[PDB]
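Asker: Take a look at the following structure, please.
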Amino acid sequence: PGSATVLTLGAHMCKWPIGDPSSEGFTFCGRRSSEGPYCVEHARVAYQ
Amino acid sequence: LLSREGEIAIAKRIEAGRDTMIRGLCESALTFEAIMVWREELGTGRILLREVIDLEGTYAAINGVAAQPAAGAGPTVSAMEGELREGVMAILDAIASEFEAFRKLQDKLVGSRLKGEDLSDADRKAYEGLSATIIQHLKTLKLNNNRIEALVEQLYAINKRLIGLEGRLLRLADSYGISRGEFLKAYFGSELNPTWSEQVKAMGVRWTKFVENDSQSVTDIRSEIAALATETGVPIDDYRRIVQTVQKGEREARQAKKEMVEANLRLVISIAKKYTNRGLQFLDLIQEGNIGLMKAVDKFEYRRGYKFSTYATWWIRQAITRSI
Ligand SMILES: [Zn+2]
């Protein structure tokens, strides 16, 4: 359960979505992003 | 380039951005006036079901399958509309009622601010509840992308008029030697305050000269501004926040979509190669294919488990063929 909502989602923060968007507890990872929308971990999940 | 999880992540970001947009939009009276007009024009055949909702998305949601272009045994546009109309009208109906309820508290809040005080704690909690349930409901309506974009345009237009009026007040204040910071701190949050001009007088001779000598311009502009607050059913500072909310959601959705399109360029190309000599240049084929891709992205429902690329192929192909 990450450290951001759409509103609080700053730049260079990881845009990896956690949970269902219809859920009240929906969040984004929000850790430091590196070369893209995602931290290394979630970039790995997201690509290839 | 994308894994299935990357596709899902993108879908989720788009959906979240969209939700943030709707969340901001539902605070404004104009968005629901618009939806009431659309209900009207549907009821009288002025407009077609396909212009208000995502037709193929909604129809696909009936059996929980992938959205596909409308029609050799598949359903035509008219077929889909015939299947979906009653349910869409029922939802618009229910939503109309929830909007009326919500708008009563909107008028209560704006009037309250106009008298200087605020909504009662109960009326306020009721406001919150109504907002939430309305946002959820509207989500079940599956509005057309063009309709949402139209709402966004209307919202932003209002905002441009507001920024104009505030610009005027700003230079006005400047001429009496009141800096931007001084003014904005005295002005932000009190745009609906009836006794503003009298209250700022207490800030000294510059302010007194400002709102007495130029009382005409000042009261005029503040009247116009207040009229915006009336035209949208929210106080001005709330409108400021709504606009930022919608902009933020919009940018997230736009970026996620862009990522998805870029990540499916190869697919687009591989489909364009199959239509080389049919009248159009390769780049034209690509751009059209991309229009189709973007449509596949708009209608994509990740929860239903169907593979994105093979689904997208139909929409890409349709865009290419149509252009031909
Ligand atoms: Zn992350």
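Letters A, B, ... go to the chains of the structure tokens in the order shown; residues in each chain start at 1; ligands are counted from 1 in the same order.
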With 8 Å as the limit and counting only C-alpha atoms, what residues in chain B lie close to chain A? Please list them as a PDB file with N, CA and C atoms, in the first residue's frame.
Answerer:
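Result file part-v8.pdb:
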ATOM      1  N   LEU B   1       6.613  -4.729 -25.700  1.00  0.00           N
ATOM      2  CA  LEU B   1       7.331  -4.141 -24.571  1.00  0.00           C
ATOM      3  C   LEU B   1       6.584  -4.282 -23.235  1.00  0.00           C
ATOM      4  N   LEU B   2       5.256  -4.224 -23.240  1.00  0.00           N
ATOM      5  CA  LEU B   2       4.533  -4.331 -21.961  1.00  0.00           C
ATOM      6  C   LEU B   2       4.220  -5.781 -21.575  1.00  0.00           C
ATOM      7  N   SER B   3       4.378  -6.112 -20.302  1.00  0.00           N
ATOM      8  CA  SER B   3       3.829  -7.361 -19.788  1.00  0.00           C
ATOM      9  C   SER B   3       2.326  -7.188 -19.585  1.00  0.00           C
ATOM     10  N   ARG B   4       1.612  -8.280 -19.327  1.00  0.00           N
ATOM     11  CA  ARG B   4       0.195  -8.174 -19.004  1.00  0.00           C
ATOM     12  C   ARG B   4      -0.023  -7.272 -17.790  1.00  0.00           C
ATOM     13  N   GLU B   5       0.899  -7.354 -16.829  1.00  0.00           N
ATOM     14  CA  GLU B   5       0.833  -6.521 -15.618  1.00  0.00           C
ATOM     15  C   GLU B   5       1.045  -5.035 -15.953  1.00  0.00           C
ATOM     16  N   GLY B   6       1.881  -4.741 -16.945  1.00  0.00           N
ATOM     17  CA  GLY B   6       2.101  -3.362 -17.375  1.00  0.00           C
ATOM     18  C   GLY B   6       0.858  -2.790 -18.045  1.00  0.00           C
ATOM     19  N   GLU B   7       0.211  -3.629 -18.852  1.00  0.00           N
ATOM     20  CA  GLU B   7      -1.051  -3.273 -19.479  1.00  0.00           C
ATOM     21  C   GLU B   7      -2.102  -2.956 -18.427  1.00  0.00           C
ATOM     22  N   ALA B   9      -1.541  -2.097 -15.294  1.00  0.00           N
ATOM     23  CA  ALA B   9      -1.118  -0.925 -14.531  1.00  0.00           C
ATOM     24  C   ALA B   9      -1.511   0.364 -15.264  1.00  0.00           C
ATOM     25  N   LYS B  12      -5.284   0.845 -15.086  1.00  0.00           N
ATOM     26  CA  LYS B  12      -5.632   1.329 -13.760  1.00  0.00           C
ATOM     27  C   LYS B  12      -5.307   2.800 -13.582  1.00  0.00           C
ATOM     28  N   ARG B  13      -4.179   3.245 -14.133  1.00  0.00           N
ATOM     29  CA  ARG B  13      -3.808   4.654 -14.025  1.00  0.00           C
ATOM     30  C   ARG B  13      -4.799   5.493 -14.840  1.00  0.00           C
ATOM     31  N   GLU B  15      -7.881   4.755 -15.486  1.00  0.00           N
ATOM     32  CA  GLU B  15      -9.153   4.735 -14.797  1.00  0.00           C
ATOM     33  C   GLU B  15      -9.105   5.660 -13.593  1.00  0.00           C
ATOM     34  N   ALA B  16      -7.968   5.700 -12.896  1.00  0.00           N
ATOM     35  CA  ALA B  16      -7.829   6.560 -11.720  1.00  0.00           C
ATOM     36  C   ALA B  16      -7.815   8.048 -12.094  1.00  0.00           C
ATOM     37  N   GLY B  17      -7.138   8.374 -13.190  1.00  0.00           N
ATOM     38  CA  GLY B  17      -7.073   9.734 -13.679  1.00  0.00           C
ATOM     39  C   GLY B  17      -8.467  10.199 -14.053  1.00  0.00           C
ATOM     40  N   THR B  20     -10.547  10.826 -11.063  1.00  0.00           N
ATOM     41  CA  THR B  20     -10.194  12.087 -10.435  1.00  0.00           C
ATOM     42  C   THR B  20     -10.889  13.228 -11.200  1.00  0.00           C
ATOM     43  N   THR B 245      -7.801  19.740  -9.652  1.00  0.00           N
ATOM     44  CA  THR B 245      -8.100  18.341  -9.482  1.00  0.00           C
ATOM     45  C   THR B 245      -8.269  17.704 -10.858  1.00  0.00           C
ATOM     46  N   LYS B 248      -5.013  17.604 -12.919  1.00  0.00           N
ATOM     47  CA  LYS B 248      -4.149  16.541 -12.443  1.00  0.00           C
ATOM     48  C   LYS B 248      -4.587  15.163 -12.974  1.00  0.00           C
ATOM     49  N   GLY B 249      -5.859  14.824 -12.763  1.00  0.00           N
ATOM     50  CA  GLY B 249      -6.382  13.563 -13.262  1.00  0.00           C
ATOM     51  C   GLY B 249      -6.196  13.423 -14.763  1.00  0.00           C
ATOM     52  N   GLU B 252      -2.554  12.624 -15.664  1.00  0.00           N
ATOM     53  CA  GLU B 252      -2.234  11.215 -15.404  1.00  0.00           C
ATOM     54  C   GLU B 252      -2.820  10.300 -16.495  1.00  0.00           C
TER      55      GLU B 252
END
Asker: Write down as a PyMOL selection string the residues of range 31-72 of chain B whose backbone DSSP state falls under alpha helix (DSSP H).
Answerer: chain B and resi 31-43+49-52+55-63
Asker: Can I get the residues of chain A within 7 Å of ligand 1, each with the closest pair of atoms and their distance in Å to one decimal, using only C-alpha atoms and all ligand atoms, sorted chain first then ascending number, as a tab-separated table?
Answerer:
residue	atom	partner	partner_atom_place_in_ligand_line	distance
A:14	CA	ligand 1	1 (Zn)	4.7
A:15	CA	ligand 1	1 (Zn)	6.8
A:16	CA	ligand 1	1 (Zn)	5.4
A:29	CA	ligand 1	1 (Zn)	4.6
A:30	CA	ligand 1	1 (Zn)	6.1
A:31	CA	ligand 1	1 (Zn)	5.5
A:38	CA	ligand 1	1 (Zn)	5.3
A:39	CA	ligand 1	1 (Zn)	4.3
A:40	CA	ligand 1	1 (Zn)	7.0
A:41	CA	ligand 1	1 (Zn)	6.1
A:42	CA	ligand 1	1 (Zn)	4.8
Asker: Would you mind writing down, as a PDB file with N, CA, C and O atoms, in the first residue's frame, each residue of chain A that DSSP on the backbone assigns to strand (DSSP E)?
Answerer:
ATOM      1  N   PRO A  17       0.096   1.349  -9.757  1.00  0.00           N
ATOM      2  CA  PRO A  17      -1.168   1.364  -9.019  1.00  0.00           C
ATOM      3  C   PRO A  17      -1.332   0.116  -8.142  1.00  0.00           C
ATOM      4  O   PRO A  17      -1.020  -0.988  -8.582  1.00  0.00           O
ATOM      5  N   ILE A  18      -1.802   0.310  -6.912  1.00  0.00           N
ATOM      6  CA  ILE A  18      -2.029  -0.784  -5.973  1.00  0.00           C
ATOM      7  C   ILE A  18      -3.512  -0.871  -5.607  1.00  0.00           C
ATOM      8  O   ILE A  18      -4.102   0.096  -5.127  1.00  0.00           O
ATOM      9  N   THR A  27      -4.140   3.164  -3.934  1.00  0.00           N
ATOM     10  CA  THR A  27      -2.933   3.987  -3.842  1.00  0.00           C
ATOM     11  C   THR A  27      -1.994   3.760  -5.024  1.00  0.00           C
ATOM     12  O   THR A  27      -2.223   2.879  -5.849  1.00  0.00           O
ATOM     13  N   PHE A  28      -0.945   4.570  -5.101  1.00  0.00           N
ATOM     14  CA  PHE A  28       0.176   4.321  -6.003  1.00  0.00           C
ATOM     15  C   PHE A  28       1.418   4.060  -5.158  1.00  0.00           C
ATOM     16  O   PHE A  28       1.499   4.544  -4.031  1.00  0.00           O
TER      17      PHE A  28
END
Asker: Figure out the distance between CA of residue 300 in chain B and CA of residue 2 in chain A, please, to one decimal in Å.
Answerer: 24.9 Å
Asker: Can you measure CA of residue 12 in chain A to CA of residue 34 in chain A for me? One decimal in Å is fine.
Answerer: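 Going from CA of residue 12 in chain A over to CA of residue 34 in chain A covers 7.1 Å.
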Asker: Env of residue 98 in chain B: 10 Å cut, atoms = only C-alpha atoms, seq-sep filter 4 positions within chain, self excluded. Answer as a ChimeraX atom specification.
Answerer: /B:92-94,102-103,130-131,133-134,137
Asker: Just give me the gap between CA of residue 8 in chain B and CA of residue 259 in chain B in Å, one decimal is fine.
Answerer: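 Separation between CA of residue 8 in chain B and CA of residue 259 in chain B: 12.3 Å.
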Asker: Could you pull the residues within 12 Å of residue 228 in chain B, counting only C-alpha atoms, minus those fewer than 2 positions along the same chain, as an MDAnalysis selection string?
Answerer: chainID B and resid 28:30 110 155 157:166 191:192 221:226 230:240
Asker: Leaving out residue 260 in chain B and any residue of its chain fewer than 3 positions from it, which residues lie within 9 Å of it when counting only C-alpha atoms, given as a list in words?
Answerer: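 So the residues in contact are residues 2, 6, 7, 10, 11, 255, 256, 257, 263, 264, 265, 294 and 297 of chain B.
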Asker: Would you kindly return, as a list in words, each protein, DNA or RNA residue with an atom no farther than 10 Å from any atom of residue 195 in chain B, considering only C-alpha atoms and excluding same-chain residues fewer than 5 positions away?
Answerer: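 Once the adjacent positions are removed, what remains is residues 114, 115, 116, 190 and 200 of chain B.
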Asker: For the residues in that selection, give me N, CA and C atoms as a PDB file, in the first residue's frame.
Answerer:
ATOM      1  N   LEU B 114     -22.450  33.374   0.864  1.00  0.00           N
ATOM      2  CA  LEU B 114     -22.865  34.718   0.478  1.00  0.00           C
ATOM      3  C   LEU B 114     -23.342  35.528   1.684  1.00  0.00           C
ATOM      4  N   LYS B 115     -23.862  34.849   2.707  1.00  0.00           N
ATOM      5  CA  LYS B 115     -24.269  35.534   3.944  1.00  0.00           C
ATOM      6  C   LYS B 115     -23.115  35.627   4.952  1.00  0.00           C
ATOM      7  N   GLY B 116     -21.994  34.990   4.629  1.00  0.00           N
ATOM      8  CA  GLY B 116     -20.828  35.031   5.485  1.00  0.00           C
ATOM      9  C   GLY B 116     -20.576  33.763   6.273  1.00  0.00           C
ATOM     10  N   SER B 190     -12.245  34.865  -0.026  1.00  0.00           N
ATOM     11  CA  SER B 190     -13.310  35.764   0.394  1.00  0.00           C
ATOM     12  C   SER B 190     -14.023  36.341  -0.797  1.00  0.00           C
ATOM     13  N   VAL B 200     -11.664  45.333   4.041  1.00  0.00           N
ATOM     14  CA  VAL B 200     -10.290  45.577   3.623  1.00  0.00           C
ATOM     15  C   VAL B 200      -9.868  47.015   3.895  1.00  0.00           C
TER      16      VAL B 200
END
Asker: Counting only C-alpha atoms, what is within 12 Å of residue 80 in chain B, bar same-chain residues fewer than 4 positions away, as a PyMOL selection string?
Answerer: chain B and resi 48-50+53-62+67-71+74-76+84-88
Asker: Compare B:250, B:262, B:301, B:41 by their minimum atom-to-atom distance to residue 148 in chain B, counting only C-alpha atoms, and give me the closest one.
Answerer: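 Closest to residue 148 in chain B of all the choices is B:250.
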